[PDB]
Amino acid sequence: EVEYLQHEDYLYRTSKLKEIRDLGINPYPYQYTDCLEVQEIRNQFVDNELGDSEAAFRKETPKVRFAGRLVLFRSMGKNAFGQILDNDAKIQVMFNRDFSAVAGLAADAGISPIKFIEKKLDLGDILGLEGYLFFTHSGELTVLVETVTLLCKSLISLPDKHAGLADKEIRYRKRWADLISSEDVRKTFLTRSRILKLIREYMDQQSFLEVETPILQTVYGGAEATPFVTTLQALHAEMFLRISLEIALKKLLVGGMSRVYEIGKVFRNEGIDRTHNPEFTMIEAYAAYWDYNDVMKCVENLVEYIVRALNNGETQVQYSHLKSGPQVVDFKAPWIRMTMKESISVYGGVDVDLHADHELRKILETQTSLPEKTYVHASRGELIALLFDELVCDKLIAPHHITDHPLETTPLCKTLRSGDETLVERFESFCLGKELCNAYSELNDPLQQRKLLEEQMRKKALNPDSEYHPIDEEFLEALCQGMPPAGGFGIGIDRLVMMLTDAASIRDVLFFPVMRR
């Protein structure tokens, strides 16, 4: 059952509720008006020349109102000292038997203010503090409390501040306990919100318009993933949650919007690990009249701009959690640019074009651990893509753009303008061994687009494991209306946040990651 309900701390704390109410005090009052943030008080008076505690007892120093969680308390007889935590900022408080009052505690109440503070309040309680600032002689900003208001009676103790492994697992669900206890977790999620704001700022200054498109669709596409399925009762209809943003934003290009982007949740019904949460956040952005080379500059300039805003103009970032040891990656533009075939020579030590189809298969079995079935009857392009996965991807620690993928890797990209129809003008961006961005010179030839989707459906998806998706005819009709030439990209925002906050796992950049029962 619910275990804390029989814990001593809960039973003891709850028995104070009737005692506090019997004193005429509401332990869950309605507001605390006109109260500054602790951080704003610090900013306002940290270099100020405030008096000492005696100036505060004489009420000569500035008077403040603020609120927060009691996280430290020590009674010293006539005086008590404490620490209030407010929205990632801390400040010391001092209570005095003669100077401090408790809001709502009558003079003819049977308990003194200082004793109420010691006996009826607890660590974890949320308090409103009104009082006078001073500096200790060590320079610690402190508030001499004139009136303390109980704002919330907490019924369990503060979480353990320093979590072991088992507690850390629980706190991926009980995330509030992490946020109370850990400055580092608080900073991570503050940086995440800042990153999302920097993305919108950059896109807006490039004249992209932000839109929303449906998560629930009768189709799915724009990526290779098992979808989530659900039922819409009004129409008695099966619906898919989107696996990507691509098809919807391309229809808006046909609709005439030259630069669109969307930052949204997508859903891939796949595995859970350090880099995969089934619900994650993507940006996709499309710019008419661009190709993948324009997109490549846009993507690296976006990331460089975010890194500079977060790191005082510096472009270098430390990441600590690779198995190879702590690294420094420089996000300065331009990033390393290589074709896939080139990356296999440089990092895999294999010049792909000097080997025959059957010869490439022998390299796989000998130099990799892939199952024989993966490469036994794979086409040449698929064989190159597999050699990249196993011999190159993990060596891509510094930011890389990998260009010119085999046609097999996607049906939505134009082929190389040189006339080489076995490769597409695609790039994928990699950093710290993980994929960060996917981008195309977008396909807008409607007849070629149909042929590629038909050959992906029939020819490729006759594998017993693949879930049949029918050809998206509304998308082909939109292309017939006419989509401009365009360049588009998608970025896994959660993975970007990981690289910029030194997070070992995607679970560390999501408030509430998917968790087992």
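Quick note: we count residues from 1 along the sequence shown, nothing fancier.
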property: Mean C-alpha temperature factor, higher of 402 to 410 and 234 to 242; result: 402 to 410
property: Segment of higher mean CA temperature factor, 5 to 13 or 21 to 29; result: 5 to 13
property: Top Cα B factor in the deposited entry, candidates 392, 211, 306, 272; result: 392
property: Selection by C-alpha B-factor (highest) of 65, 451, 69, 59; result: 451
property: Ranked against its chain, the third holding the CA B-factor of residue 468; result: highest
property: Assigned third (lowest, middle, highest) for the C-alpha B factor of residue 356; result: highest
property: Residue 342 - Cα temperature factor, lowest/middle/highest third of chain; result: highest
property: Third of the chain, ranked by Cα B-factor, where residue 264 sits; result: lowest
property: Cα B factor band for residue 334 (lowest, middle or highest third within the chain); result: highest
